[PDB]
Structure formats: C-alpha cells, structure tokens
Amino acid sequence: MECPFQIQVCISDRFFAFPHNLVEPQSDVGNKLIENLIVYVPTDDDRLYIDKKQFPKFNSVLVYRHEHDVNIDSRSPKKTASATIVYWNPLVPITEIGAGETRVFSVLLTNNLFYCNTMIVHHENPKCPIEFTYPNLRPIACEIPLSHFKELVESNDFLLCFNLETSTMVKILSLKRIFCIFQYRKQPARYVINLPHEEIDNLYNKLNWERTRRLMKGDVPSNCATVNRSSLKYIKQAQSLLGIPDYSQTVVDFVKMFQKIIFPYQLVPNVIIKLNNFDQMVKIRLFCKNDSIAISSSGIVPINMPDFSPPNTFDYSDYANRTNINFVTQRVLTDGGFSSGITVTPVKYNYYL
Amino acid sequence: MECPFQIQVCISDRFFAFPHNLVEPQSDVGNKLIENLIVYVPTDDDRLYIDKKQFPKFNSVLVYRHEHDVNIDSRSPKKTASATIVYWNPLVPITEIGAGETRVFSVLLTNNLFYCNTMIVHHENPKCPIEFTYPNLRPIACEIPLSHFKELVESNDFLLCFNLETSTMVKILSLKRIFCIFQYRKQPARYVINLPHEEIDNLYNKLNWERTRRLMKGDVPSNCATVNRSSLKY
Amino acid sequence: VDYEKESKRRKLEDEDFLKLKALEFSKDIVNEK
Amino acid sequence: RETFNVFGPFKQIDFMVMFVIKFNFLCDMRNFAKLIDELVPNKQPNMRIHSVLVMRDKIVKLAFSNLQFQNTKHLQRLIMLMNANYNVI
Amino acid sequence: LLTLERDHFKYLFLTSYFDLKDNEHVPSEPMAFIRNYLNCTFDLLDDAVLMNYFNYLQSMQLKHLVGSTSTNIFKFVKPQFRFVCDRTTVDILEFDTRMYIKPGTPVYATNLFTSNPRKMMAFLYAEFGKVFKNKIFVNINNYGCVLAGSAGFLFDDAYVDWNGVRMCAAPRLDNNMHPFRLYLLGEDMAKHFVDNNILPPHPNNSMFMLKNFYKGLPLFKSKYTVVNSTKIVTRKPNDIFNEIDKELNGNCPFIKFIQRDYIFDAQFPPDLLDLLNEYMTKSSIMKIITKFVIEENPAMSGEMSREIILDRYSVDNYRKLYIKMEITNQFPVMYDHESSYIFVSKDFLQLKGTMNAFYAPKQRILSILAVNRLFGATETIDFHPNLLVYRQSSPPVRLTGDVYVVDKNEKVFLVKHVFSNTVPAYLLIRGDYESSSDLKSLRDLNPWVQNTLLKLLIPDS
Amino acid sequence: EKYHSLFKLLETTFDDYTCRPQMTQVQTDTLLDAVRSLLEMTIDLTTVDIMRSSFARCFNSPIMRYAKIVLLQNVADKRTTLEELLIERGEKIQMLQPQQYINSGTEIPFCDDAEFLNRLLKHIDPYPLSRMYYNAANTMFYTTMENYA
Amino acid sequence: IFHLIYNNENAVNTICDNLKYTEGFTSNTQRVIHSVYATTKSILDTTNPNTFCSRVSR
C-alpha cells in the first residue's frame, strides 16, 4: 500500500468530535488560499455534526459522505485545486485531494492511513472503561454516539447496539469513538456490546491492530486494553472456583491480585500465563527496576539473555532417562495403588536451578 | 530452621509465671521508646494471668493468643514498629516482631526458639518431684496451673488432669510449668498423670529433648529426670 | 531544559475537553429557520 | 419497645428500651455487689465461674446481635456503665 | 603514558564492568591505571593497552560486545553493547509506561551516563535532528526522543531487559547515586555516533561521565570468615541437590545456596573467576534452603556459630564454604519477606507446573506449602483427578480448623494443616468429609496458594 | 535403531523357539518401551511373549498356498484344567473380601430425558450394528484366549 | 410470572419471601420456585436487550 505525500493525517481520540478549529484553508501553487472547504465523512448522518458556521476562514463549505470511487487508483488520486479537502474518520481510500495539503483527522488508524507520510499523533493520559458482559442498562445507537453524547458523559451503564445492516468498518469506528469518550470520562463506564461473541472478538482484534499502528507511529502506550472472549471465560471460571462473585470482581483487579506473587516468589501467575497464551492464539518476560534477572514463563533468565540457556548448560542424563523415569513411575504406582492416570516427567532447568 | 536475630529469648523456670518486671519498652531506629506493649500467650485463659497494671513503663497494653499465621514465613516475620512485642511460653512460630528486639520468655525451649540467636538461660538449683503412679489425691487442671497455684505450693499429692481436646503442646507446657513449681517447692510432691502410658512416655521424651536443648544452650544439669514406663515396670 | 509543556497542556485540556464537547452538543437558544 | 412507646413516640425509643433493660439489670447487680462487698476478691477469677460466664455471654451476644435495632455528665457516666466500659468514673 | 599487564586485565574488568567500591584490594599498578581509565584521563594512558583490553573482552566472549579498533570507543560516546528489543507486551498489566519500542528494533547501550537526561536532551536531539532532519513526527519526552518506535535515543538505568516488561518494586535501590545510561535506537543512530565521534560539550564531570563497558552490578567483597572451603564441577543438577541434601542431613539447619547473576555473560578466564570469588553482587540469586522434615531432638544440632554457603560462581563450577556466623558478613539482597525453600524428599513428588505443590503416594496426599517454595525436584508428576482418591466413610469424617470447599458436588475440600515441625500448608482432599466449624471461602487464601490451586484445578483445555 | 531389541527377540525365534528368552530388567523395560511406542498405547511382557510365540509359529511354518488359522498357545509349563482353575481361583476369591457393596433394594437409575435419548439415538445411527457386534465379540474372544493361554 | 413480566419487583419480592416462609420451602419448593424464576428471567434477558436496541434503532 502506497499513499500520496499530499495527504497529512492527524490521529487523536479527540477527533471523535470533528476538530473545527484545526481546519485551515490551503494554498495553491500561486500561494492563493482556497475559500472553498469540502468535508468528507464516513456516513451521511455524520453531516449533522459538522457546523458550517465554525469555518470563518472559508466562504463556502460543503459536506459529503466519502465513498470508494472504484474509477480512481488511490496510489494517485485526482486533485481538485478549487477546494480545500478534509477527511474526518475516513473508512475507505481517499481518491480525491485538495489544494496544498489534504487534511485528515481520525480516531482510527487503518492501513490506508498507516503508510501515510505525514502522521500527527495526539497523546492522551489513558482512562479505561469497564467491560460488563451481562445479559437498567442505557441503550446507545453506536452509529451515532454524538447523539447520545450527554448520556455517554453522564451515565455509567450502556448497552451498545447496532443497526442490522451496519458495516464492519462503521462498527469499528463507532466503538473507537465511544472508547475515546470513555477515555475522557472521569468515571469509568460499564458497557455491554449486543453482538455475537465472534464478531466482538474480531472487532477487538482490529482495534488492537489499530492501537499497534498508533504505537508504531509513536502513540503513547495505554493500559486500556480489551480481553478476548476465551480469556474472559477463563477468568470467570477462575473467579467462580475461588468463589468470587463476577459482578463483584473486575478482571483487571483479579489479575492484579497476583502481582503480590509476581516478584516476591519470582514466578509468573498462571492467570497471566493463560491470558498470554490466549493472545498468542489470537511467551512472557518481565523484571523489576534495578533487577539483575528477568522472571519469565520459562523461569529465571539473565537480563537480556535469550529465553532459553544454551542446550548443553545442564546434563539431565542421570534422571532424564527411561530407566529412572520408569523406576519412579512404577514406585509411584505401587505406593499409591494406582493403575492409570500417573505420569512422571524429568525436570529440565533453565539458566539457573 | 532459621530464626531472626531481632528476637531475644530468655529461658527460666520462673517464667511459669509471667515476668512482668523484666518487660521494658523497645526503641525504634529513631531511639524513641514505644509506649504500646503487646503480650502473646499460648492460650486465651493465659490472658487472665497478665496484670496490665504491672507495666508502668508503657501507656497501652494488649494481650492476645499467639496463633500460627500461615500467611507469614517465620524465616522473615512481619515487623510492627508501633508496639513492643513480648511472647510468653510461645508454642507456635513467631510471625510478628516488635520495635527494637522482640522479647520472649519461656519455660519450654522448643526447636522454634532453639536456633534463636540471643538465648538467656536462667539457672536454678534442682529440686525434684516424686512420680507416684497409683490408681486422697488433689485434682489439678493442668491447663491452668496458676489457678491451682496455692494447692500446688501447699499439698503434696496431685492428680494431673487434662481436658479431652487439649493439644499436645499445651500439655507439654502445662507439665513443664508444674514441674517448675515443684522445682521451687521445698518439699517434693507426689503426682499422678491421668493419661495413657504411651502419651505420658511421649511427653517425657519431648521434655527430655527440651532439657537437652537447654543444656546445649548452657543450662545447668539437673538430676530431676523422669523414667519411661517400661523402666518403671522393671 | 525543554520541559514537556505539550504533554502538560494536553492533560490540562483533556480535563475540560469533555465539557467543551458537551457545550458543542448542547442545546441552542433559538431556531433561526 | 411497644409497651414503652405506650408512653410516647420517643425519639430514641430503641436506646431507651436497651437502657431500661440494662438499668433493671444494674439494680440487681448492685444488690449482688452489696451482698458480696464484705468478701475478699481473688487476684484472678474463679475458673469454673469464668467458663460459665463466657459460655453464657456467647448466647447473650448472639441473641442481641441477631436482633438489630435503631445533660451529658451523668448521662455519659451511666451509658459507659451500660456499655460495660468499667473505666467509667 | 600508563600501561597495564594482561594479568591486571582482571582488575581492569572488575573495576570497569561492575558497580564495585571495594577497590582497596587493587594492586598499585592496576589501581593507578584504572583510576585514570575511569576518570577518562586517556591522554595519560596507552591506547595500545586499551586495544589489548578490548581484544581480551572479545576473547572472553562478552555478550553484546560490539566495537571496532578505534580508541574513540573509549574516548567518545559510542555504542558498546548491542541487542534487539523484543517485548511480548501484556497490555492487561500496568507496566512502567515508557516510550514504546517496535519489536525487532535494535538497541545499543552507550558508555555515556548523565545525572539529568533533560539537560543532555538538547545536544542529543540536535544530533538526532542531524541524523533525520525533515519534519518527522516523533515521540519525545524529558528522557529521550523516539521515532516511529524504531529509532532515536533515550535514557534509562544501566541495566534493562528490553525483552520483558517492568513491574513491581525494586529489590535494589542504586538510583540514589546511579546516573542514567544513554541508549540508542536504530542502526542509523549507532552508525552516526560511531562515525562522528559524538561527544557532548564539556561544562567526565558532575553533569555526566563515561563508563566504558560498565554493566554496573552492585558488586562487593565478601569479607567472609571462611572456616573451610571446597570446589566442585558439574552440569548435573542432581549432583548439587545431593550436596545440599548431605549438608542438610548432617547438621545444617539451613543452607544459603547462591548463584551469581552474571555467570552467563562470558567465558570468564579462571584467573578472573578466582578474582571475582572474593566478591559478590547484591543482586545475585540466593535461596534459603531447609529440609522438609525437621528432627525433633537436638541430637542432630551442629555448630551454632557457623553457616554453609553453596556459591555457583560460574556456569559449571561451584564452591562450598563454611563460614563463621557473623552479622558483618554481607549477602545478596533478597525480598524483605523472601519465602524459604524446602528440599524435596523421596516421599513425594512435586506437581508439574507448581513451585509449592507436591503429592505423597504412600499417603495419597496432595499438599500445598502456605508460603514456602519447593526445591531440588529432579522429577515431577502431572496432576490428575485419580490422585484425589475419594475417601469412603459411612459417617462423614470430621475435620477441624480451617476448611474450604473446592467442589461440593465432588466432596473436594482444602484443609489448613501445619506440619508438626511447624510448616504451614494446605491438604487437598476428596471424600466423605464434614467440617466441625463453618466452611470458609477460598478468597481468604493467599494469592500464592490460590494461583497453585487454579493451576491444579482448572483443566488446561 | 529404536527397535533392535525386538528385532533380536524375533530373530531368536528362528531357532528351536520353544524357549524362554532371558533378559535383564533394563532389557525388558527397553523392549516394552519400544513396543509401546510402536503401537502407541496398556501393554505387558505377556503381550511380548504372545508376539514371540506367534512369530515363532509363523517363522517355523512353511510356505503354503493357503493361510493358516491357529489359536494362541505356548504363553507363560504345567497344563491346568478348567476344573482345577475353578477350584483354585474360587478358593482365593472366597479368601478375598468385598471391597465395596450396596444395600438391598435400591433402584436402577433409568434416564428420563426423552430429548436426550433422541439425541443419543441420532448420534449413534450411522454406527453399523454389524461392525459393532463383530468388534465386541472378537474383543471378548481374544481376551478369553489370552487368559487361557 | 405476571409480576416479573410487568416490572413489579415489590410483588416479586413479596411472593419470594412468602414462599420462603410457606410450606417445605427448602425441600423442593425452593428449587421449583428458583427454576421458574430463572426460566422467566432467561426469557426476559433474551428479549429486553433486543427490545432496547430496536427502540434506539434508526
């Protein structure tokens, strides 16, 4: 994928609402500013949230729904020197560009904009929402969050709904905008997405890839992540086994519970191990400030060393042999009076014992 | 077994009764003495024999039954700089320590305190009791000897009884305290332990090992030994 | 000593940014049309 | 509480009922104390009586905990006595 | 110019590589030479000796060592260690939210150290702008500037992983005096500095300094009163376990098993190993290992003023030491409440995937140490429901103390139990049982036992 | 290389083959491990001897225009009759004591969910009763053969 | 069932408590009541989310 340098993209959670102030007329080759402005939006309804009166710099303002023009190759979009072109949360390739630099504002960072040369990323202090999967909720038409803006900034229990024929990209953009609104909420808000589990998982995967793109473009890390459905099911099983009411315990706190074990016992909690495995299907390593070693799923590892020590570091032949293994297994079977379900494995060792 | 140096243990038969005089406030890193005192006892009933009024050096005194805190490794007990910690006849590992040095007084010397660095052993002139195995005896609730203290220091024929659910360590501590009282008796006292022979033999073995520990810590030899049941039969 | 004035100002803005958006999506006094 | 309320919807009626119970109780406690004043207390409590006391206190506390409910010098002195804070003066 | 012998290259490495203060033991020649080397009075030093030392480092195969035959390596800010950042980020954890780095991005530790990154930022960003120019949007903070998570510079401590994340409190606090090392992201930055002999304007100094090949581990001299010593060589963990078992059985209440936290950094010359043996790093690994069964009688008591230490000072060489129990003896810093380790006996086997769970066949018991780690297990057994043989009993077997319900349908319970030698733990039982007292929620249990229980119970579908 | 021991065992059958091979415990364990890895199962030195006898019979048999149908034999010296086995085994069983028991009466726990029954019926419909019967009967027959031998 | 369909939590609670203190509640009546309540609540939880989404639907 290639992008034309004439497009400049700014990424900011704030862009869930259109940045009227940031728009500015572009100049032609003759350095003549263009008083005509064209704003592109992903859906027709978006037009209602563009206030033409907020563009004093321009004399004429028009708004249209950006639509993939199959007749134009995005590698070289047509230019329209007669107007300044701005795209808001584009979901399809930009086939048209304005005078000077075509401006783009987006809360999402799809591949289309990923290769865009000029990338301005606004940084925010993270503020995470609460996943509240559960069958007094406040329904929210995700396609039009700004309509529910007041409720989104006031209440704390939202049922996220979508029109049947809503497109996947529209869903992704709506979710991103809602999550930005929550990022600006002082109080985290619980929400439930009225969608099939697989669809929600795919949406979360795409959002994760978008966040990865933002990081690669220089965005600040945010702990406000999301959990795949299998991971949520595992966490729920763990909480139930421990006798923890699901509504009472949040996943984040549940995981944090084992930070007391992480360092002092120099062990990786099994919950974190399982979550990492789920993400992999969709290894671990960490340390402490000034620490000389790293705790990993494999055990202790010298800092900056590979996750596994050289193969010949330790000789296990003494016990890592069929004779010893069979002897121990037979002893166990005899002592316990067992006949099946018994399995003994030699213990290997990483860098350290 | 390891012990933290912050604990100092004093062993003395006298400690069958709590040594109120020996308690003293401990100082912090800032050399500020702590006016709060926490006394730990092996059983709840023991609390009744701790007189809070006998601690002028302190402003607040609390007493609790020491209990094994499974969540704390005795190799590194939690510290509470807010109070001076004293343990009396501890039977389970000390999981908490006070400001400065955590003081311990015990008539017993179990393994837990055996490896304790600071060990102060008080020496006494031996004075043995009389084993009087025989089916006019004076019953004694061994769990609470101090209640029977007057009889223990006056009479000379005691029937040592225990509650059914009394623990082994509680039994051992009770017997040790009673034997200390007899050690201070001018007249040896006859006694009968209303327990099965094997249990009595095990208790005697453990007491012998405790005495061995005291000797290894520098205690003075005492002829006031005990005889196993087979030896008595012979 | 080039402090991250940008980050500080960004956080300060974010504090009331939601209120500003609420003002934008508030009600209007009159319907000119 | 209803019998006492017969005399009015007093603001602190529950506290009042508890106070009346404890006061009628303290009357007989003073009676016992007078009966026993001449006698010499021991340094430590009688163990059997102590066990009986603890065991009965268990039941008393259970009952009064199950039944949840809803001008300062002498008031507070007597209240401290009621709450058994023997540090009262 | 001062010179130095290969025999003193061990002293040079000792002084320049670690954060060592016990320098009084350096002979006079290496003392003066190293003093000038560290204060960067290179004009008083033989550069040929520096090249010889670099060749010595290469010969010993120091990890990440990268360099050429230019004295500018020591005379200027230069990438001295190389390694690739590869972080399997776990977003669900509140890591130290530092500037993001793209996986696979090369990272270089330079000899430069500063007491204030913000001040160096001016000059370093000037160099960065020289390298890239243009109007590239970058992530820049007071501690560095990052381009697309793939290039740039930053300041950190002298020792970072770059493959794991940062979590939890610091067992060591050397930041009190430790300046931040400079790290360079990208072959572009590394090559630029190497070719340009970059060096910040002088006001070594208070503001900043150079510590060539300075890992900065908290090294110190043991100062041990060695009652006795011996050495062994092996790559068989069972041998070390046998030594530990013998020492514990004989008279040792507990052994201090130490492993040096750098034995994997190079093929250290034996002479260098001997020199290092006099010293120890506060951050090295230690384990307080005792024996599960503790003999009741004192007949097994040994010396009360002596300790046994087993130091894995190299990859394959260990030294057993008998020293006088003395407070002044210095030791690696462990966790404030570091859990003790318990040796594994033949009576049971450690459950696979658990650091504190074991099973006794002859007893048919599954036990979980409350706060203690297992140690020495050369063998492990996979968990299986058959292990929890259902106990038959016409009247429910009564239980006392703390009891917890694991599976009411399967009559699975966890019972608090202390081994007579006062070892807290829990027994997992399955059968016809009843509790004398009220059953208790598992949430009451500590995170350690809870994690072990999750591993043992939730099937790994 | 993995199965050299089993190769040696079978090759020895080329001789008189009416003999009990002698192996160390290590050798026996190696052979059993090899066989178990080959068949991926469990197994027994009894199965080892069964294979030895079968292969010895095959090797000793001549080349024939027709397959030879035989019965297991020569597995584990004294010939015992069914009556003697009955007497001895019954005595030992009577010596044994009941590990567990139920009380009188009780009630067979029949299922009730007709929907569950229908689901199971659907799940089993494509199973040919002929094949299942054949497999079960031959399983029982071969286990009986092994016990007898 | 009616006090559930119609959002009458007071009546639902009244019925639940009366059944708690009526007849052999513990033996099987409690389980039967919980089963009926769970079935009704499952149906209502199936319906209400879709109903709300339809309400806000464009």
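Refer to the structure presented above.
Heads up: these notes are all about the structure in this document. (Residues numbered from 1 in each chain as written, not as in the entry; some residues may be left out. Chains lettered and ligands numbered in written order. Part of a larger assembly, values for the part shown. Heavy atoms only, no water.)

**Digging into the overall build of chain A**
Helix and strand content of chain A: nine helices and 16 strands. Relative to the globule expectation of 20 Å for 353 residues, the C-alpha radius of gyration of chain A, 27 Å, shows a markedly less compact shape. Projected onto the principal axes, the alpha-carbon positions of chain A cover approximately 90 × 50 × 40 Å. Split into buried and exposed, the 353 residues of chain A put 58% on the buried side. Surface accessibility of chain A: about 15,500 Å² in total, with carbon and sulfur atoms responsible for 53%. Each charge class in chain A was averaged separately, 37 positive and 34 negative side chains, and the resulting centres sit 4 Å apart. (Helix = DSSP H or I, 4+ residues; strand = E, 2+ residues; numbered from the N terminus. Rg over C-alpha atoms; globule rule 2.2 N^0.38 Å. Buried < 20%, exposed > 50% of the residue type's maximum accessible area, 1.4 Å probe, protein only. Areas by Shrake-Rupley, 256 points an atom, 1.4 Å probe, with all protein chains shown as cover. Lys, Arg positive; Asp, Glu negative; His and termini not counted. Charge placed at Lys NZ, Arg CZ, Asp CG, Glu CD.)

**Side note on the packing of aromatic side chains**
For any pair of aromatic rings, the description rests on two quantities: the centre-to-centre distance and the angle between the ring planes. By the definition in use, this model includes 73 aromatic pairs over all chains. Where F15 of chain A meets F105 of chain A, the ring centres are 5.0 Å apart and the plane angle is 50°; that geometry is what we call tilted. Here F15 of chain A, found in the loop between β1 (7-11) and β2 (36-41), pairs with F105 of chain A, found in strand β7 (residues 102-106); they are 90 residues apart in sequence, far enough to count as distant. Residue classification places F15 of chain A among the buried residues on the basis of a relative accessible area of 4%. Where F9 of chain E meets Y56 of chain E, the ring centres are 5.7 Å apart and the plane angle is 75°; that geometry is what we call edge-to-face. Here the residue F9 of chain E occupies a position in helix α1 (residues 9-17), and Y56 of chain E occupies one in helix α3 (residues 47-60), the gap between them amounting to 47 residues. Residue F9 of chain E is classed as buried on the basis of its relative accessible area of 1%. (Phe/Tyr/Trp six-rings, centres within 6.5 Å; stacked < 30°, edge-to-face > 60°.)

**Re the pattern of salt bridges**
Oppositely charged side chains can form a pair if their charged atoms are brought close together. With the rule as written, the count across this model stands at 81 salt bridges over all chains. A salt bridge links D265 of chain E to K215 of chain E, with the nearest nitrogen and oxygen atoms 2.4 Å apart. Of the two residues, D265 of chain E sits in the loop between β11 (255-259) and α8 (270-277) while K215 of chain E sits in the loop between β8 (208-210) and β9 (219-221), which places them 50 residues apart along the sequence. Exposure remark for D265 of chain E: the relative accessible area of 5% places this residue in the buried category. In this structure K215 of chain E comes out as buried when scored by relative accessible area, which is 7%. The network of salt bridges with shared partners includes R14 of chain A together with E6, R9, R10, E13 and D14 of chain C. (Salt bridge = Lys/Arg side-chain N within 4 Å of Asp/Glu carboxyl O.)

**Considerations on the interface of chain A and chain C**
Taken residue by residue, the interface counts 15 residues in chain A and ten residues in chain C. For the pairing of chain A and chain C, the buried interface totals around 1,200 Å² over both sides, and the portion due to carbon and sulfur atoms is 67%. For the chain A face of the interface with chain C, the top three residues by lost area are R14, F149 and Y184 of chain A, together amounting to 43%. Taken together, the links from chain A to chain C amount to two salt bridges. Put simply, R14 of chain A and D14 of chain C hold a salt bridge, and the shortest N to O gap is 2.7 Å. For the side of chain A that touches chain C, the elements supplying multiple residues, two or more each, are α2 (149-154) and α3 (168-184) of chain A. For the side of chain A that touches chain C, a count of residues per class yields nine nonpolar, three polar and three charged. (Contact = heavy atoms within 4.5 Å. Buried area = accessible area lost by both parts, 1.4 Å probe. Nonpolar A, V, L, I, M, F, W, Y, C, P; charged D, E, K, R; others polar.)

**Thoughts on the arrangement of the chains**
Here eight pairs of chains make contact, and the pair sharing the most contacts is chains A and E. Contact between chain D and chain E is absent, and the least distance between their C-alpha atoms amounts to 16 Å. Contact between chain C and chain G is absent, and the least distance between their C-alpha atoms amounts to 19 Å.

**Overview of a nonpolar patch on the surface**
Residue and element names in this part refer to chain F. A cluster of nonpolar side chains, namely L121, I124, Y127, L129, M132 and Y133, defines an oily patch on the protein surface of about 640 Å² accessible area. Looking at the nonpolar patch, the elements that each hand over two or more residues are α5 (114-124) and α6 (129-148). Ranked by residues supplied to the nonpolar patch, first place goes to α6 with three residues. Here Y133 is to be found in helix α6. (Patch = residues over 30% accessible without salt bridge, like charges linked within 9 Å, V, L, I, M, F, W, Y side chains within 5 Å.)

**Examining the sheet that holds strand β8 (residues 118-121) of chain A**
All names here are of chain A. Ordered by their spatial adjacency, six strands build an open sheet running β3-β2-β5-β7-β1-β8, and the pairing between neighbours is parallel. Each edge of the open sheet carries a strand with a single partner, namely β3 (60-65) and β8. Going across the sheet, the axis of each strand differs from the next one's by a mean of 20°, ignoring polarity. Two strands pair when backbone bridges link them, and β1 and β7 are joined in this way by five bridges, in the parallel orientation. Note that in β7 the partner of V9 across the bridge is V104. (Pairing = 2+ DSSP bridges. Axes fitted to C-alpha atoms, helices over the stretch in contact; angles between N-to-C directions.)

**Here we look at the nonpolar core**
Residues and elements named next belong to chain E. Core analysis: the largest hydrophobic core is formed by 80 residues, its most contacted members being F13, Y37, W162 and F213. Sort the elements by how many residues they give to this core and α3 lands first, with seven residues. Excluding residues that lie within four positions of it along the chain, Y37 makes contacts with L12, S16, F42, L45, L50, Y53, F74, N212 and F213. (Core = buried A, V, L, I, M, F, W, Y, C linked by side-chain atoms within 4.5 Å.)

**A word on the interface of chain E and chain A**
Contact residues are listed per partner, giving 98 residues for chain E and 84 residues for chain A. Taking both partners together, chain E and chain A bury about 8,200 Å²; carbon and sulfur atoms supply 62% of that area. Two residues, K236 of chain E and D318 of chain A, come together in a salt bridge whose shortest N-O distance is 2.7 Å. For the pair chain E and chain A, the interface holds 34 residue pairs in polar contact. (Polar contact = N/O pair within 3.5 Å; in protein donor to acceptor, adjacent residues only side chain to side chain.)

**Looking at the packing of helix α9 (residues 322-336) of chain A against helix α2 (residues 25-39) of chain F**
The interhelical angle for the contact between α9 of chain A and α2 of chain F, taken along N-to-C directions, is 90°, at an axis separation of 11 Å. What the angle tells us is that α9 of chain A and α2 of chain F run roughly perpendicular. Note on element contacts: α2 of chain F touches α9 of chain A through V26, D29, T30 and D33 of chain F, opposite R322, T323 and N326 of chain A. When the residues that make up the contact of α9 of chain A with α2 of chain F are grouped by side-chain class, the tally is one nonpolar, three polar and three charged. (Parallel < 35°, antiparallel > 145°, perpendicular 65-115°, else oblique.)

**Observations regarding the sheet that holds strand β24 (residues 412-419) of chain E**
Ordered by their spatial adjacency, eight strands build an open sheet running β16(A)-β21(E)-β17(E)-β18(E)-β19(E)-β25(E)-β24(E)-β23(E), and the pairing between neighbours is mixed. Two strands close off the open sheet at either side, each with one partner strand: β16 (344-346) of chain A together with β23 (403-407) of chain E. Geometrically, the sheet is characterised by an average inter-axis angle of 35° between neighbouring strands, direction not taken into account. The pairing of strand β17 (residues 349-351) of chain E with strand β21 (residues 379-381) of chain E spans two bridges and is parallel. By the bridge assignment, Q350 of chain E is partnered in β21 of chain E with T380 of chain E. This element, α9 of chain A, spans β16 of chain A together with β17 and β21 of chain E of the sheet and lies at about 150° to β16 of chain A. Its contacts with the sheet place helix α9 (residues 447-457) of chain E against β17, β18 (357-360), β19 (365-369), β23, β24 and β25 (423-430) of chain E, and it is angled at close to 145° to β19 of chain E.

**Section: helix α6 (residues 187-196) of chain E**
Residue and element names in this part refer to chain E. Those residues of α6 lying buried are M189, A190, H192 and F193. The buried residues of α6 occupy one face: seen down the axis, they fall within an arc of 165°. At its buried positions, α6 is contacted by β1 (79-85), β2 (105-114), α5 (117-132), β5 (151-156) and β7 (180-185). Once α6 ends, the next one or two residues include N197, with phi positive near 55°. (Arc of directions from axis to C-beta.)

**Description of the side chain of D261 of chain E**
Along the polypeptide, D261 of chain E turns up in the loop between β11 and α8. Here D261 of chain E is buried and forms no salt bridge, its nearest opposite-charge partner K215 of chain E lying at an N-O distance of 6.5 Å. Engagement of the side chain of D261 of chain E in a polar contact is seen with the side chain of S292 of chain A, the distance being 3.0 Å. Among the polar contacts listed, one links the side chain of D261 of chain E to the side chain of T281 of chain E, at a separation of 2.8 Å. Those residues in contact with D261 of chain E that lie beyond four places of it in its chain are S292, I293 and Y352 of chain A together with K215, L217, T281, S283 and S284 of chain E.

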